[PDB]
Each structure stands twice: as structure tokens, then as C-alpha cells.
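Okay, structure first, notes after.
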Amino acid sequence: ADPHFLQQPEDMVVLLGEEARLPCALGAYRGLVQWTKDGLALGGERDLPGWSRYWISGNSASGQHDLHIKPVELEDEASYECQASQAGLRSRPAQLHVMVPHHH
Amino acid sequence: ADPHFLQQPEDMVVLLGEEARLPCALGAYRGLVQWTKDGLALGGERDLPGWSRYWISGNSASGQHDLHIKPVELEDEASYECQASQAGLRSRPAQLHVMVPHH
Ligand code: NA
Ligand code: NA
């Protein structure tokens, strides 16, 4: 079978300072998987070097490639895609909304 | 120095079937470099596996990361960016137009 998504991320709202999980799963695909943030590719290495608060979790052999962000910051509000780079397959874009908690 | 572009691609028109070179060079950066095509990241391996007509040319030691396309097809018309993925650096987008002679 051809490469295909088994799970795709969706629009979500997360609180400032919490952890975000943007899910992605691919079937019949053994190549590079990575995430883009407003069109900027973050890279394929699982700990995402250069992005101290981002990493990819999940068993890559089983096809899971979830993007995690912790702690979430205001600058994380963006449109994210999961991409199978070698097959040209792109997920639906997922908008991450960051809400600031108000306290007193 | 901080990572910075030494050369960036620009808009270009290429005749259908010819070879295109979109130039990119980075200074003070040894991490991952890759190209996006209309926002689709092509990957970092210099042979660009999965893309039979694309490859990245140049020695990454010198910091040159030119995207090559041969032969150019209509499906290659797109906006291209060279990106230093670990630094968050993006080049100016470069539009590749393909010209088809008519006869
Ligand atoms: Na990281
Ligand atoms: Na290739």
C-alpha cells in the first residue's frame, strides 16, 4: 500500500506553560517524518535539536510521530503540519491556540 | 557569528526539461539544512530520497546547499525556501516558473 495517515493533528487550545501534544501517525512509510511550524521545518531527529522545548514522541517503527511542546509559550501559536517528507504527504494544518491564564 | 545566509535563492524561470539550480549558502552553521517546496519540506539527505529528480549539491563543509532539479517538469512550479532547520532561519522565498515553448 501507499503511504497514508493513520492519525492527523487538529486545531487545539492549550494553556500557557502546559504541555501540548499534536498527534501524527503514518502507515506504510519508512522514511523521514517531520513537522513544520508556519512553514518552517523543525527537523527529523527525535529530540529536535535546536528547539529546546519541542520533541517528537512515539514509536517510529510503529508509525507514531507526535509533536510535543513543553512548556508552551506565546510564540508557539502557529499552524503545524506533519509531513512524510520522502513521499510528499502532508497532514491537514493544525492551528495551536495559546491562552494566557488570568490569576488573582 | 550567528548562523546567517551567505547566498539566497531568487525568482527564476527555467525552460521545461532543463536543469534548475536554486542556490543557497549558510555561514556559521553546521546543523541540518533543507528545502521546502510550497511549504513541503523535502528532507535533509543530500540525495533527497523519494524525489527522483531533486538533489542538494555542494560540500556542506563550505556551507553550500544548492537545490538541483533535473529535468524540470511543470509540477516543479512552486515557491522554494532554503532553511537552517536547527536555527529557525528561512531564506526569502524563490518562485520557480517553468516556461513551455509552443510548437
Ligand atoms: Na528539541
Ligand atoms: Na533525490
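Proteins come first, then strands; the chains are lettered A, B, ... in the order of their sequence lines, and each starts at number 1. Note: hydrogens, waters and symmetry copies are ignored here, and every other heavy atom, side chains too, is used. When a ligand or atom number is given, it counts from 1 through the structure's own listing order.
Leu26(A) and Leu40(B) fall into different hydrophobic clusters, defined by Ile, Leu, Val, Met, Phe, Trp and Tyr side-chain heavy atoms under 4.5 Å apart, directly or through other members.
Counting heavy atoms from C-beta outward, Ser60(A) and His65(A) have side chains that approach closer than 4.5 Å.
Sorted by first then second residue, the salt bridge (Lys or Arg N to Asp or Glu O under 4.0 Å) pairs that include residues 29-56 of chain B, not counting sequence neighbours, are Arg53(B)-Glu75(B), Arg53(B)-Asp76(B).
The Na ion (ligand 2) has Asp47(B) O, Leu48(B) O, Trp51(B) O, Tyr54(B) O as its protein N, O or S neighbours under 3.0 Å.
Side-chain atoms of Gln83(A) never come within 3.5 Å of backbone atoms of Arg90(A) as a donor-acceptor pair (strictly under, hydrogens ignored).
Summarising the geometry of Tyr29(A) relative to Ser85(A), their closest heavy-atom pair is OH-N, 3.3 Å, with the distance given to 0.1 Å.
In this structure, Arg92(A) pairs ionically with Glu10(A), as a charged nitrogen and a carboxylate oxygen lie closer than 4.0 Å.
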